[PDB]
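Chains as they are written, first to last, in the UniProt record's numbering: chain A, 1 to 27; chain B, 1 to 135; chain C, 1 to 135; chain D, 418 to 469; chain E, 418 to 469. No residue lacks a Cβ here, since even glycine has one placed at the ideal position from N, Cα and C. Presented below is the structure to which this report refers.
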Amino acid sequence: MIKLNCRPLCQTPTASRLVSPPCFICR
Amino acid sequence: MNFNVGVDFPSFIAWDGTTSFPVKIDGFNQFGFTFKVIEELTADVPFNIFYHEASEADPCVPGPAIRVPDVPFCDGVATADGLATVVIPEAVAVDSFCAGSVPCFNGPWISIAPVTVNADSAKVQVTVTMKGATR
Amino acid sequence: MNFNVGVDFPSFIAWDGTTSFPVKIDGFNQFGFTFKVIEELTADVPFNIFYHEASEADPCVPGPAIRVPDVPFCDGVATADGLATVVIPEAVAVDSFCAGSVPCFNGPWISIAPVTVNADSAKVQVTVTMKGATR
Amino acid sequence: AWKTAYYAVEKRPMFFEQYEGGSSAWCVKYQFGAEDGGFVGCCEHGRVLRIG
Amino acid sequence: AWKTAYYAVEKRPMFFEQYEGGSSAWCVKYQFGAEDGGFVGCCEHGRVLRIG
Numbered sequence: 001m002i003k004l005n006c007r008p009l010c011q012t013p014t015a016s017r018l019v020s021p022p023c024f025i026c027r
Numbered sequence: 001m002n003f004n005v006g007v008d009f010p011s012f013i014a015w016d017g018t019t020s021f022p023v024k025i026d027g028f029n030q031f032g033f034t035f036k037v038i039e040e041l042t043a044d045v046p047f048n049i050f051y052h053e054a055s056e057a058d059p060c061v062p063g064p065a066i067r068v069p070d071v072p073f074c075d076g077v078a079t080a081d082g083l084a085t086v087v088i089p090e091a092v093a094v095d096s097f098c099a100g101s102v103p104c105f106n107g108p109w110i111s112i113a114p115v116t117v118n119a120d121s122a123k124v125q126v127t128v129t130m131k132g133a134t135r
Numbered sequence: 001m002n003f004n005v006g007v008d009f010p011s012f013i014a015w016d017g018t019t020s021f022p023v024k025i026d027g028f029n030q031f032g033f034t035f036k037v038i039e040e041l042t043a044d045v046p047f048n049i050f051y052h053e054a055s056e057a058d059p060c061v062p063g064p065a066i067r068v069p070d071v072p073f074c075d076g077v078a079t080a081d082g083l084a085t086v087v088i089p090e091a092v093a094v095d096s097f098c099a100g101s102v103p104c105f106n107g108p109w110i111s112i113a114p115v116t117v118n119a120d121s122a123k124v125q126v127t128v129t130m131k132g133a134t135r
Numbered sequence: 418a419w420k421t422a423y424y425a426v427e428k429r430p431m432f433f434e435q436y437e438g439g440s441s442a443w444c445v446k447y448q449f450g451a452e453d454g455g456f457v458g459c460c461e462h463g464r465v466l467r468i469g
Numbered sequence: 418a419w420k421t422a423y424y425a426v427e428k429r430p431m432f433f434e435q436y437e438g439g440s441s442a443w444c445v446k447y448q449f450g451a452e453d454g455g456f457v458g459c460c461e462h463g464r465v466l467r468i469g
């Protein structure tokens, strides 16, 4: 059972939209 | 600066997805494998590692294949049947490569072939590399 | 004792005799080819060297093939058309390997294919070796 | 009020040794371990906020 | 010409050790080993004669 060594050929982490609190609404 | 790397670190095809080619490690004192995938897999693909002895009639042609014997490491597990093998998982991405080598040299030639031939087997490529010349 | 040489010096298939596979050289700052034969040749077989670049629809897929330009050395002849090529001699023996690499990088991908596909171009195998990962 | 809402208890720190029963003339082995524990104190001394 | 046709490399002499992992109260076991090697130099500086 040979154990392998792995790592990828890409360096582009996908962008994640940041979300901020919306405007106030009366409860 | 670029370099003629192949002069000191040559490489040879071992498994192209359709046929297996013997690789002669006699002339070099170290070596290792390299695995790559070319398309998404369906199920895991295990591989058998072989070695060859020089044919009694001609020293330039290899003999029949013989399975490599497993060896335990400094402590712990051993193979169920004592024969070395390699398995490539599904989680491996298309854009990456894997590397691994046996601890023992054994016969002058080496070879690798899949356990069973199927569609998933053809989706893999294996290449061998040698690190040091001695002739 | 051998090593997992594929960790430091991976190799990838570039021409298996029926298809040519683009290879990525972005993360490695040196590289080179390696040639081998599997049968007696009938005549010389020339090859063309191409390079690619990031495709428009995705930054991780190569675009159309761009022919590599020539680079005359310190002092010497230059190609008749200003493009790099490799010619495999007819006298090459089955039990030998040839190594050569281009002086310049160009795009982050590379490729190779014969000038004309025929029964004689299937008798060669080309593999690319890397060195010096930069990530 | 954590000082009464949760406690942490420690018995023995870490240690390292060499296993003579596996150390042949060509290999070595090492062993290490430690012991720790903890238990919840007064339940009512804490509060948790969640979305509903 | 032997001084340039074949080389002998010496690294470490032989040693003896007592294997504790197998030395029970009623048996004894010992271990020994050494490391050396050799390689060929000039292939043109030698000849061999055989019956044809």
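Which chain E residues sit within Cβ distance under 8 angstroms of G438 (chain D)?
-> Listed along chain E, the residues sitting closer than 8 angstroms to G438 (chain D) by beta-carbon distance are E437 and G438.
Hey, does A425 (chain D) have any beta-carbon neighbour from chain E nearer than 7 angstroms?
-> It does not: the Cβ of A425 (chain D) has no partner Cβ on chain E nearer than 7 angstroms.
Which ranges does the beta strand (DSSP E) cover as unbroken runs of at least 3 residues, wholly within the segment 420-450 of chain D, from first to last along the chain?
-> Within the segment 420-450 of chain D, the complete beta strand (DSSP E) segments of 3 residues or longer fall at 423-435, listed in chain order.
To the nearest whole angstrom, what separates the beta carbons of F50 (chain B) and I88 (chain B), a pair I think is in contact under 8 angstroms?
-> Their Cβ separation, rounded to whole angstroms, is 18 angstroms, which puts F50 (chain B) and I88 (chain B) out of contact at 8 angstroms.
Helix or strand or just coil, what does DSSP make of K123 (chain C)?
-> In the structure shown, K123 (chain C) sits in a helix (DSSP, three-state: H, G or I).
Inspect the beta-carbon positions of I2 (chain A) and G76 (chain B) and report whether they are closer than 7 angstroms.
-> Cβ distance not < 7 angstroms, so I2 (chain A) and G76 (chain B) don't count as in contact.
Going along chain D, which residues have a C-beta under 8 angstroms from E461 (chain E)?
-> The contacting residues do not exist; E461 (chain E) stays about 40 angstroms from chain D at best.
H462 (chain D) - DSSP class collapsed to helix/strand/coil = Three-state result, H462 (chain D): coil.
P64 (chain B): first and last residue of the uninterrupted beta strand (DSSP E) it sits in = Counting along the chain, the beta strand (DSSP E) containing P64 (chain B) begins and ends at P62 to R67.
So is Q125 (chain C) buried or exposed if we call it buried at 16+ other beta carbons inside 10 Å?
-> Answer is buried; the Cβ neighbour count reaches 16.
Cβ-based contacts, 9 angstroms cut-off: residues of the segment 22-44 of chain C near chain A = Cβ contacts with chain A: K24, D26 and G27.
Would a check of beta-carbon distances place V5 (chain C) closer than 7 angstroms to chain A?
-> False, the Cβ-Cβ gap to chain A never drops below 7 angstroms.
Over what stretch of residues does the beta strand (DSSP E) that includes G6 (chain B) continue unbroken?
-> Counted as a single uninterrupted DSSP element, the stretch harbouring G6 (chain B) is not any beta strand (DSSP E), since DSSP gives it neither H nor E.
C6 (chain A) touches chain B at which residues, Cβ-Cβ below 7 angstroms?
-> Listed along chain B are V92, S96 and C98, each with a C-beta nearer than 7 angstroms to that of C6 (chain A).
For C98 (chain B), write down the residues that DSSP places opposite it in a beta bridge.
-> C98 (chain B) is bridged to A:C6 and B:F35.
Should residue 139 (chain C) be labelled buried (16 or more other beta-carbon atoms within 10 Å of its own) or exposed?
-> An answer regarding residue 139 (chain C) cannot be provided, because it is not within the stretch 1 to 135 covered by chain C.
Inter-stretch contact at 8 angstroms, needing at least 3 Cβ pairs: the segment 453-469 of chain D / the segment 437-446 of chain E | The segment 453-469 of chain D vs the segment 437-446 of chain E: no contact.
If we ignore side chains and look at the alpha-carbon of each, how far apart do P10 (chain B) and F432 (chain E) end up?
-> Put simply, the backbone Cα of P10 (chain B) is about 39 angstroms away from that of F432 (chain E).
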